[PDB]
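The block underneath contains the structure these notes are about, expressed in structure tokens.
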Amino acid sequence: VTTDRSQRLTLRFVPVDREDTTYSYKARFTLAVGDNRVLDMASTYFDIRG
Amino acid sequence: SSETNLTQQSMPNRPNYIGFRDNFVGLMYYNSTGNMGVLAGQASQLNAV
Amino acid sequence: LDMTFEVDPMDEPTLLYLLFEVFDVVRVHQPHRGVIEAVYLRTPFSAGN
Amino acid sequence: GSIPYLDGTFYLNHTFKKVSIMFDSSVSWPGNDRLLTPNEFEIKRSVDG
């Protein structure tokens, strides 16, 4: 069920690029499901400060 | 201005030297969990510091 | 462990700066391009303990 | 008044800042780089960078 290995529970990503406009903001990430993992997309969200 | 005020004496202001500290001590946050620097492998993002 | 410093009185409030000397060591691993894994062990007070 | 030790009726849970667990003084638990950066359970933050 659980691994014996060093491995994070939550990963945080920062944009590889940001675009900013009068009426919208666009953020781009490289999401990275590394080997021997599976990611449920329900476990993901965009965390915004402003 | 007055006849008495001819007698005023001045003394030089005390020397005060200002600049950055040795080796730039204090210019970067070290040992603060409030302001921790980052060196992280993109795209795992695990900070090595 | 208990200790006690007898020190001369001063009208300034002062700090005893006491360095428990330890090893404060890191090992840095780089298994694939762009990956840094770092592992730390301060050896007594080891660490946040 | 209420006796939170026996009645249930807890409060003061919001007063905790953090906790750490350490087996044999060096085996930080859960370790394995599991949590967002530490060697400890950071319950709440006064400043968040």
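Every read-out reported here was derived from the displayed coordinates using simple, explicitly stated rules and does not represent laboratory data. Note: ideal-geometry Cβ built from the backbone for every residue, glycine included; neighbour counts use all protein chains shown.
If I go through the range C:34-49 residue by residue, how many of them are assigned to a loop (DSSP other than H, G, I, E, B) and among the basic types (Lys, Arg)?
0
Considering (1) surrounded by 10 or more Cβ atoms within 10 Å (Cβ to Cβ); (2) closer than 21 Å to B:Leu46 by Cα, say which one C:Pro44 fails and leave the rest.
(2)
Assuming A:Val33 fulfils every condition listed in (1) over 11 Å from the mean Cα position of the chain (by Cα); (2) under 30 Å from D:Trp29 (Cβ atoms); (3) hydrophobic (A, V, I, L, M, F, W, C); (4) exposed (fewer than 10 other Cβ atoms within 10 Å of the Cβ) apart from one, which condition is it?
(1)
Residues being within 18 Å of B:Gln45 (Cα to Cα) and assigned to a loop (DSSP other than H, G, I, E, B): count how many of those fall in the range A:18-47.
15
Starting from the range A:12-33, keep only residues that are closer than 15 Å to C:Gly34 by Cβ, then list their pairs with residues that are assigned to a loop (DSSP other than H, G, I, E, B) and among the hydroxyl-bearing types (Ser, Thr, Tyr) whose Cβ atoms are within a distance under 7 Å, requiring at least 6 positions of separation or different chains.
Filtered contacts from the range A:12-33: A:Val16/A:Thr30; A:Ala32/B:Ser44.
Would you please list the contacts, defined by Cβ atoms under 6 Å and residues six or more apart or on different chains, that run from a residue in the range B:30-46 that is under 18 Å from D:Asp33 (Cα atoms) to a residue that is hydroxyl-bearing (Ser, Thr, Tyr) and part of a loop (DSSP other than H, G, I, E, B)?
Listed pairs, sorted by first residue: B:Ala43/A:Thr30.
Would you be able to tell me the number of residues in the range A:1-29 that are loosely packed, with under 10 Cβ neighbours inside 10 Å and within 11 Å of chain B (Cβ to nearest Cβ)?
Result for the range A:1-29: 1.
What about A:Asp35, is it away from chain B (no Cβ under 14 Å) and of a type in the set (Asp, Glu)?
Criteria not met by A:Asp35.
Taking the conditions exactly as written (exposed (fewer than 10 other Cβ atoms within 10 Å of the Cβ) and within 17 Å of D:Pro38 (Cα to Cα)), does B:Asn31 satisfy them or not?
Criteria met by B:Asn31.
With respect to C:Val26, determine if the residue is closer than 28 Å to A:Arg5 by Cα, exposed (fewer than 12 other Cβ atoms within 10 Å of the Cβ) and of a type outside the set (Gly, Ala, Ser). Reasoning before the result, please.
On the way: closer than 28 Å to A:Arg5 by Cα: yes; exposed (fewer than 12 other Cβ atoms within 10 Å of the Cβ): yes; of a type outside the set (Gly, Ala, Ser): yes.
Taking the combined requirement at face value, the residue satisfies it.
Is there a residue being within 25 Å of A:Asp4 (Cβ to Cβ), touching an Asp or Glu at 6+ places or on another chain (Cβ under 6 Å), of a type in the set (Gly, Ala, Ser) and within 10 Å of chain C (Cβ to nearest Cβ) anywhere in the range D:22-38?
No: the range D:22-38 contains no residue that is within 25 Å of A:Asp4 (Cβ to Cβ), touching an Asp or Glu at 6+ places or on another chain (Cβ under 6 Å), of a type in the set (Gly, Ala, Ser) and within 10 Å of chain C (Cβ to nearest Cβ).
Just to be sure, is D:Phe41 of a type outside the set (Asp, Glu) and within 12 Å of chain C (Cβ to nearest Cβ)?
Yes: the conditions hold for D:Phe41.
What tally of residues in the range B:12-47 results from selecting those that are among the hydrophobic types (A, V, I, L, M, F, W, C), outside any loop (DSSP other than H, G, I, E, B) and within 14 Å of chain A (Cβ to nearest Cβ)?
1
Name the single residue, out of those in the range A:36-50 being over 12 Å from the mean Cα position of the chain (by Cα) and closer than 24 Å to D:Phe41 by Cβ, that is surrounded by the fewest Cβ atoms within 10 Å (Cβ to Cβ).
The residue in question is A:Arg49.
Tell me, please, whether a residue that is more than 15 Å from the chain's Cα centre (by Cα), part of a loop (DSSP other than H, G, I, E, B) and aliphatic (A, V, I, L, M) can be found in the range D:11-27.
no
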